[PDB]
Each structure stands twice: as C-alpha cells, then as structure tokens.
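Take a look at the structure set out below.
Index from 1, following the sequence.
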Amino acid sequence: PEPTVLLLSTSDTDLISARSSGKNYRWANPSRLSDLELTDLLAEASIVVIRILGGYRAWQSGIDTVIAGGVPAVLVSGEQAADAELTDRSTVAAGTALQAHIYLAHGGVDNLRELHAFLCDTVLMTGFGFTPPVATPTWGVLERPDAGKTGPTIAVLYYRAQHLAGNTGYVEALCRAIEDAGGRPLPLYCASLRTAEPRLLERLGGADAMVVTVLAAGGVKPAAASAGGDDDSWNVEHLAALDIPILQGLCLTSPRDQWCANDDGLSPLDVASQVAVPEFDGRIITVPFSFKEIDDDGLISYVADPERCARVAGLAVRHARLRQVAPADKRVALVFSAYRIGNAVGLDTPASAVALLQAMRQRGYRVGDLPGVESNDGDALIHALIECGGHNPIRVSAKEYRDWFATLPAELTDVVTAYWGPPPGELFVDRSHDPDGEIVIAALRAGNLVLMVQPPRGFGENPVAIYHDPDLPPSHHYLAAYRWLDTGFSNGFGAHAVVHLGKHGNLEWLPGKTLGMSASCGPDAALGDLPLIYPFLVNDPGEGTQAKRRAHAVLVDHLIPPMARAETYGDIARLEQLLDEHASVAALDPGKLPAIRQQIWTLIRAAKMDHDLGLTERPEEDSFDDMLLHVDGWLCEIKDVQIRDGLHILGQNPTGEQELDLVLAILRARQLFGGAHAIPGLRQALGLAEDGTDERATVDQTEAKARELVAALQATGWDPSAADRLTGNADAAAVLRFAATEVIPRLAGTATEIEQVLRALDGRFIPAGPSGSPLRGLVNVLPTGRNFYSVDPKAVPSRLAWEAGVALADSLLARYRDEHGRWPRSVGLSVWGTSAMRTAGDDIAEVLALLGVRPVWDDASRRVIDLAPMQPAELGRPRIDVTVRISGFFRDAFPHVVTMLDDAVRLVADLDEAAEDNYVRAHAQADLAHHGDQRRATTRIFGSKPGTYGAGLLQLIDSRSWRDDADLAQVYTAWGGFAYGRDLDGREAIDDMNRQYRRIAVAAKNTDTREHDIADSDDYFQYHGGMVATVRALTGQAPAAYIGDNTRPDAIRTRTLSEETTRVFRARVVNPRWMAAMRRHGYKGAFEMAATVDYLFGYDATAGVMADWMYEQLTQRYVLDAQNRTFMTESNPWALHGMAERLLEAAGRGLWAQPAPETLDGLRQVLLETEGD
Ligand code: NA
C-alpha cells in the first residue's frame, strides 16, 4: 500500500474495514465532513472512492469538488444495485467503478484490502496484484486456534457488521475468558437471531450454552406481547428447541469510564434493548463485558473488560456444567429469606421446600435425612433450620477469607471495612480454636444439600445505620457465608447452583449499580458465578425482575395463593339480615321503619361499625335510610372481595372446591386476551355491571348463578362443548368456553413448577412468559413455571393504563373536593416498578392526568414518544401539583418514565397560566422567589439514595429505636430525600423534599392487585404511611391519606386509608375463613398472622389507622384465643412471642390508648410461657 486511497463513505463499517485492512487508506464520513476537511484530505489522495446512499444529488457539493480536483474518482452507491449515474460520473473507467461497487457491497476486511490493490493496479498501473471480490456469508465462525480445552462448548453470538469491520477484539477477549474457565468457545457472527439461518441453528446444536450480544429474537413489537397481549406472537421456538442456557452478555453503547463512575449502570437505551426486551426471550441477564469507545474519526470500537469477561464466561460455563453433573453428584444450596425465617409472599415456604426436596430425592439427588422430608412435615423441616441455621457450624478461617477479600476492588473493600472493620470483622467471629479468627456460619447440611438462612443485612447490628446509611454494605459474615457456598475455601461447599425460595431475599437488593453489575457491586461479590434458580410469585413482576437483573436469576414463577370470596360472619352477617328486614318493612309497613332502624343502629354501634362507616353521630330519621344505602354498598364490597383462602404450595395445582373458587375469581374480571376485550366477566355476562353501582342483593344472586354454572362445567371435566348446553346465555356460554379452553389448561401448568426447578438445576432452557395478576383479566400470565418477563419500559403508560390513571385522578379529586369543598393543592403519590409492570402504568398516567398532560403514542410500536399539555378549558379544573416518591427499583427499571414525569412537571410549570388554574406553576414561582433556582423550583420526583433501595421504616420499626414523628421523618428522609430527573440524578435534596412535602394535601397509594392487601406487605406502611408521617412531622398536621383501588380498571374507586384499613381488618385480618385457612399451613400460616400484626402496627405508628377496639379484637383472636394460641405454639412459637411483644409495644407507645389491664396481663403471660416453652 504505497499510494494513498481516500475512502469517503457514509457507512462507518466501510471506514473501519479500511482501517482494519492495513492498506494505506484515508477515511472520512461525508455526513461529518466540512468543506475544508474534504479539500485537506483530497490533497493527500492518489485515488478517491465515494460511497453514499441517494445517488449523485445526495452529496452533489462533495462529489463536484472531488471531480473538479482532478484526482481519479470512483463513485459507488450504498444501495445493492449499482447507480448508473455514479458509474458514468466517475473519472475512472466504468468497469473500475462497477468492480469497486462489488468490493464494497460485499465488504469485510479482505475486500477492503484487495480493493486498495485493485484500484492502484487498475488506475495507477502499479503491480501489487489483487484478488477478486469475495462474498461474505450471512453467518460464520471467527476462526481461532484450538486451545484443546475439554469443558463445555460456549457459543458467542455477535453481529455480522462487527465481523466485517474487523472489530472482533471484544469477542476474542470473551473467548479467552471462556478458555480460562476451561470451556470451548464457539464464536459465531450473524445478522440476526430472529431470522437465524437453518445451518446456523444446526451449528448451535453443538453448543452447551450461548452468550449472545445481539438484540432479542422473539419479535419486533414487545409492547404487544406482555400480559394481556399476544404473547404467542413472540416466538423463540427455534432457539428454545436447542434447550440450552442463553445468557445476555452486555455490550454497553456507553464508555467504560461513565459505567465505573456512576451507579446508573446502563443508559436508558441499553436498559430497553439489552435487558428488558431480551427478557422476553427467556435470556439470562449477566453483566457488561465490553464498552463502546469512540476515536477522533468518529469510528466506534468495543473494548472488553477482562475481569467482566471472566464473570460472563464463568456464568456461562457454570450453567453449561449443570447438564454434565448427574443428580447423584449435584450439590445444591437452598437459601431461605429472613427477617421470621421463610418470608415468601403467598407461598407456603416450608411445604414447598419439603415437596421440592422430595422431588429431588426421587430424581436421584442426595438429600440426606432432613427432618420433615421423609415424614412430609414442613414444620419439622423449618424448625430444624431455625435450631441449627439461625443467625457442627461451618467455620471459615480468617486467612482464607482475607485472601478472597483482597481480590475485590478497593472501591468495595474500602466501604465494607469502613462499616464493619478490617477482615474478618466482629460479627460471628470465633477466636477459640484459631486466635486470628474464624467466621462461623450456621447452616443445615445433609447429603449433597445445604439449607441456609440468608445472612442478615446488618441493620439490626447497627441502628445508627438506619438513621444515616441506606447504603450499608454487606458484612464480612454476609460475604463469607455466600462465598462458602461456592468453591475456593478449603472447606467450601462448592454448590453447583443456588435455589432461593420465594419472594424475596436481600442479595439482589444490596448496594451497587442499578444493573450491569461491576466487580465492586455487593450482589456480584457475594454471588459470583453461582447459578441462581428462584421460584417467584407470578404477580410480583418488579421484585422478580430485580433478581433477574442484579443476580442473573432464572425465575420459575409460581401460582397465586388460592382465592375465595370473603363472605360474611358474626355481626356483619347479622347486619345483612337486618338490612333485608328493613327493605321488607319499607315496602310493606313503613310505619314500623323506626323500630327496625333502632335495631340496625344498636347493632352498628355495638359492633363498632360506625368506625367503618365514618359515622360520628346517628343520622336524622329522614336521612337514616339514605345512610343505609351506604351501608348496603359497604357490606356488599367487604362480602364480595376476593381474599386468599390458603397459601400456594410449589407444584400443587388447585383441585376441587379450591379450583372452583379460583376459576370463579379469575372469570369475574373482564378479560384482556390477545390484546382484545372480547370475553366479559362471568357476572357481567349474567347481568351485573361490576362498575361499583350494582345493588347488594343482586350481586349475591348473580354470584350464586355464576358459581352454579362453573360448578356444573367443572362436573363435566371442563368440557368446552358443555358451555352452550349449560346456559342459554350466549355471553355466559362464551365465558364458560374461555374457562375450559384457556383458563383450565393454563392453570394445569402449575403442576410443572417443581419439574421446572429440576430442569433449571439441569441447565435446560426455562421458557419465558408474561407476569402480572390472573385476577386482573390477564390469563396469559398462566401457566406458571416460567422465567417471566414484564413490559416494554418505553411503552408505559399504555392507552388502557392512561384510561385508568385518568379515572384514578378524577376519583381522588372528587373525593377530596366532596370532603373539603376545594381542590387539593398537591397530591403525594408513591409509585412502584412492580405496579407499573402489573398495570402497564396506572400510577404514571395518574400523575400525568393530575398535571393535565396527555401522553403521545407511536401507534406502530405502542411506545410513548412525546407529551401534550391539555389546555385549562379542556381540563375543566386547575392543574394539581404532584410530588412523586419512586422506589429504587422504579428508578432502575423505568428511567424513561422518570424523565417523562420530570418533563411533564417542567412543561406545565412553564405555561403562562394563572395561579387558580395551575398549582404547579404557583408553587414553583413561590419557591423561585425564595432561592432563585429554577431546577430546584421544579423538583418533584424523589427516591432511594442512588445505588441503594428501600424506605428505611421497616428497619426502624423492627429496631424499635424511635419515639416520635421527628424520628420517623428523619429515617424516611435519610432513605428517600434524593431528587431524580434531568440534571438531578439522585442528588441529595432534603430542603427541596421538605418544601414540597409541606404542601402535600393528600398522600395517596394505589392498590392494584388482590392477592395481598395493605396489611400483608411492609411496603405500604413504609411508603404510604411514611409519607403521611413525614408531612405530619414537617407541618404538625397529617395530610389526607387516600387509597386508590385499581384492582378493577372498569370500577376504579377511592377511599380513605382508615376506610381501607377497617375493610381489610374485617374482610381478612379477623375473618374466620382466612384465619382457618392459615391454620391449615403450619409455620408459614402462623407467620402471616404475625406479619399482619407488625404491618398494622407500622401503619398505626406512621398514620394512626388503628382504633383501640381493633387492637382488642386482634389480641383476642390472634393471641388469647385458645384454638389460635395452640396453633401458634405448636407451629411457630417465635411468631407468637413477636405478636404479644408488638401488641404490648403498641400499648407502651400509646398507639393502643386504653388497653384493659387484664388484657395486658394476658399478653405478658403469653410472653412468659412462650419463652418457657
Ligand atoms: Na466517467
């Protein structure tokens, strides 16, 4: 290459290929070229080649300049067919331009090298010699020497465009890491895995696992394939047929220095394209091993991180190794969540563990002789774990621990030692045998299995960290325990895989980057290359997704608990009888109405239902019957609501009456199926509106009719043809046919849940599926047993979610104005990622609706692409200010939405509107007048500290190290006083948070799923109650606290927090049907009762939701009742102790204001006997 050839191409692949060729090329992209730069380059050229799309007119100025300069010019098209005008305008022979066109059309490093010689010899009559153009295959192998490794074959799939450019260094580095891990790398390039060639799929049959760096293969419109959509259209059957693990190795389109600098690991583009959508394929999400770097010429190269290459290679080899290890030789760690061992939402963790261990033994695993496995006794198993696994014991030498600890990045070891001291720390360190230290790890070992309680996060060991350190790193004991599960320590367990039981553990919530884990990230240091298999509740998409992305988890999702109607009992049932009698007297003997009214009022007062009904006094006689219409609706709703009627056991599909009740609950909703609303609710098809206006009596009659039809269909073996014969109602018959055709066969997949855990332990491909609630008209989340995906994060809110958010906004405003006669100045709303995934964005739409901003959709992709403010005349009301508390996971998974909501606030803050029309602008102008900072004045979105998660108040309540509202607010603010949005990015903004929280008139939280309630999860009182308490601390007055009920999108309702608490209390908490159901589930059933006491306490401590009569009933039903006390004592005495302690704490703090002395004495006696038992 002596003569200089100038290559001007709008395809940077051409320019990189020319650089890779080693020939004497100059290169530039005409779209990034000034006139001076062109003439400067032309002065150095002996031959010029121009390749552009659009023909001569697309760069006429540049082409005319080259031709006028006299240098021989070769003009070719970027289109496949050559451009005859470019051929003729070239100042070489036509055949020279035509052959050059072919060299560049085929492309690749070889063709660019021969092109240089072809042009020199042809135009300048040099004598280099040249090869004709060579075709480049649509797919092929990156040829490398065989290192002779004997491990599994790991395919590496990368883009053909990178192969042609010669930018394969990032692939070579991953191949070398695979060889270092003992595997055999099979690097393959291709244009797409969606349209994969047959011979390419054949070649992949020789792989034991695949690391892919290409986009998802199932389709091109993921927004149409999520829950309720056309998931069949997302097709990866050609890749699933290989039945091997497929791991996404992340190749960031951002530079490595930015990745190292921030906790915001991936750009919003990379979150969507390399994580969220690839999850639709069932791919395992790993870490970034290469990063996009740009040089001076604007040419892109991907540069690999060798350490991250080792993590990707190690993960791939470990997953492939699973297929090679027979069950008899396979070592498995079974890890239980803690903080109360076995936390798993909706799941009977002990019974599921027994059933899993029994199935593993049957498959040939060596499960030893664990208590309760042979005897089929979940209580025996979990009691054995508590006795020998709570935090013979495993001992890790301080020397070996330090040797591993020292291999971590200083960024991580500095923080760990700053909080926990130099290794091996002071937590569970024994100096008896070795004076230098041994870290003691409690675990239950049997055969090739270890059962371990997940190590504690560490906030119990340091309550000061609750007030100041949401970013508390894992302790040395935490790290030692997980590192002992792996290989490395001389006495290491050497697990082939980890199985974590149920939603959810704390490893995937440790401090670190949002996703794209680094070597300094807590989850990465703890888990390493260990495969993680994770049974997970199907209607908790956000929490499952966090495990997928921060701990490369393979989920095996599981069914919701059995559900049934709450029904009536006790004085609620007696009130039902009196209401019916009142209706008869009204129609037949209106003069007797005062007598039956007195009976009803006596009952309401005696049973404390005036608290449920918000009645401060007796209505006037001529307003009493109108009040009973409100009682009618209240009684109907607490009787009709679905509540759990047991707990799910892994692999156990409901049968008999439990199948009937669950199918009835599923069929009650209007079905979103195949993206359409074709099948109505069963009771809708039978006459009910289900919009919140149906009369109490007709709801019961229609429910009885619906139950009769489904019970008859069940009696036929769910025969689809029996539908038309069971009812002359065409709509009802279509619903029954839908139940037999879709609901029942998909429900049947629940029996494969344990089989899919075994398949995952064997390194087989686990099929993916949608996530969400099958009680919200989303039947395609069934079958379970799948590694679920969630949503297109750029397509929220959907149009259906927009409708719901508007209804939520309208319903909240109507309730507030009805009570106060004026609009609320500001609404505070807590927004979770799991909620956006369950609903496709109801919360987000509500914020936009309150601000008066409409989303703008691209109808093709269904993605949100813009915003459009509604004018005040159309809004008909002022723009309501909104303060948003996002969770840490919402920040992680929906970065486009965080920016979207911030854009909307700034949009409406800037509109020149009157204060009476725009509360956002009014508040922003007041703040702007205070400190003059425009960005601060429009700050509305707050969340967890960057790199961290949680709201802190669960830790505070469990530590009990608090006294007043100032303490509650300080912890809440320490964990959530951080601003998000453009140029905010999680910076501390305590003063801005206080300014906005002082304005909150309504603190709102939405309940979007029926499988659990606000007394079933700590997150509601933490976020919702935490907001209430923080506003009260700042202002001295609690804001209004509302619950938005979007469990039924076609019947959105708003109620106060007090109303929702009493509804949950009567319909579930002290409902004898629910208590009896939990007493069928031993330890975990008792656990759920104790958790309910804690979460009611948490909501009372923060928002005052409890009345003394509710504490009295809670104490009697849960603790003092002989039947429940006996059950608690046998199955879970630890939970009984915690319940009595918590109720005594409520009395000590005055939250329970006037407890009877005899009742407190009974509680103290329970404490004493339980310690003695
Ligand atoms: Na010519």
Side-chain angles (χ1 to χ4, degrees), residues 138-142 144 149 151-160 162-163 168 170-179 181-198 200-218 234-236 238-251 273-275 277-290 304 308-324 529 531-533 548 552-554 759-760 762-768 787 789:
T138 60
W139 73 273
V141 192
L142 180 64
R144 304 174 68 257
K149 303 297 177 176
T153 296
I154 307 302
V156 181
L157 272 290
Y158 65 105
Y159 272 129
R160 180 177 183 269
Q162 303 299 322
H163 187 79
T168 55
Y170 71 112
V171 175
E172 173 68 25
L174 185 52
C175 288
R176 292 183 183 181
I178 291 167
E179 284 157 343
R184 300 180 58 80
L186 176 57
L188 299 169
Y189 64 88
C190 69
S192 171
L193 278 183
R194 172 163 60 88
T195 58
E197 295 79 3
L200 172 60
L201 295 172
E202 296 184 24
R203 195 68 159 89
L204 288 172
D208 300 302
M210 295 172 59
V211 180
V212 299
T213 66
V214 301
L215 269 32
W234 197 269
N235 192 313
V236 295
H238 62 294
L239 296 172
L242 303 172
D243 197 24
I244 59 178
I246 302 179
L247 303 87
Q248 191 84 34
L250 306 178
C251 300
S273 59
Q274 292 189 57
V275 178
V277 177
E279 286 174 346
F280 282 58
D281 284 13
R283 294 176 183 178
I284 304 173
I285 306 301
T286 74
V287 303
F289 74 97
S290 72
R308 291 289 85 186
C309 283
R311 173 72 69 246
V312 176
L315 286 167
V317 169
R318 298 270 194 110
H319 281 83
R321 175 88 178 116
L322 293 173
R323 191 78 57 85
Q324 302 175 355
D529 295 335
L532 175 60
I533 302 160
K548 293 170 71 75
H552 56 263
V554 175
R759 292 191 66 246
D762 240 75
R764 306 204 172 263
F765 179 77
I766 305 302
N787 181 17
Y789 56 87

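For the pair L204 and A155, the tightest heavy-atom approach, listed with the atom from each and the gap, is CD2-CB, 3.8 Å. The minimum heavy-atom distance linking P187 with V171 is given by the pair CB-CG1, 3.8 Å. Nearest heavy atoms, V141 versus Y189: N-CE2, 3.8 Å. Summarising the geometry of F765 relative to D281, their closest heavy-atom pair is CZ-O, 3.3 Å, with the distance given to 0.1 Å. Scanning all heavy atoms of the two residues, the minimum distance from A173 to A304 falls at CB-CB, 3.5 Å. Taking both residues in full, the closest heavy atoms of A209 and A320 are given as CB-CB, 3.9 Å, listed atom of the first, atom of the second, then distance.
A donor-acceptor pair under 3.5 Å is formed between the side chain of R184 and the backbone N or O of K149. With hydrogens and angles disregarded, no donor-acceptor distance shorter than 3.5 Å links the side chain of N787 to the backbone of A768. No donor-acceptor pair under 3.5 Å is formed between the side chain of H238 and the backbone N or O of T195.
When side chains are defined from C-beta on, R144 counts as touching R176, because their heavy atoms get closer than 4.5 Å. You'll find the side chain of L250 reaches within 4.5 Å of the side chain of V275, heavy atoms only. The side-chain heavy atoms of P245 and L247, taken from C-beta on, include a pair separated by under 4.5 Å. At least one side-chain heavy atom of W234 sits less than 4.5 Å from a side-chain heavy atom of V277. Here the side chains of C190 and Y159 are not in contact, with every heavy-atom distance at 4.5 Å or above. No side-chain heavy atom of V317 sits under 4.5 Å from any side-chain heavy atom of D208.
The neighbour count for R323 CZ, taken as heavy atoms of other residues, nucleotides or ligands under 6.0 Å away, is above 12.
To the nearest 0.5 Å, atoms CD1 (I285) and CD (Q274) are separated by 9.0 Å. Taking NE2 from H552 and CG from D529, the interatomic distance works out to 7.5 Å, rounded to the nearest 0.5 Å. Going from atom CG of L174 over to atom CD of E179 covers 10.0 Å, rounded to the nearest 0.5 Å. Rounding to the nearest 0.5 Å places CG of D762 at 7.5 Å from CG of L322. Separating the CG atom in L188 from the CZ atom in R203 is a distance of 6.5 Å, to the nearest 0.5 Å.
For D243 and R759, the salt-bridge test passes: some basic side-chain N is under 4.0 Å from an acidic carboxylate O.
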* To do: Evaluate the side-chain contact (heavy atoms from CB on, under 4.5 Å) criterion for residues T286 and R311: first the C-alpha distance (whole Å), next the side-chain angles of each, then the deciding distance (0.1 Å), finally the verdict.
  => CA-CA 8 Å; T286 74; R311 173 72 69 246; over 6 Å; no

* Given the rule in the side-chain contact (heavy atoms from CB on, under 4.5 Å) test, do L239 and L201 qualify, once you have shown the distances and angles that lead to the verdict? -> CA-CA 8 Å; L239 296 172; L201 295 172; 4.0 Å; yes

What side-chain donor-acceptor pairs closer than 3.5 Å can you find for residues 210-217, not counting sequence neighbours?
residue : atom : partner : partner atom : Å
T213    : OG1  : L157    : O            : 2.8

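Between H163 and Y158, the ring-plane angle classifies as tilted under the 30° and 60° cut-offs.
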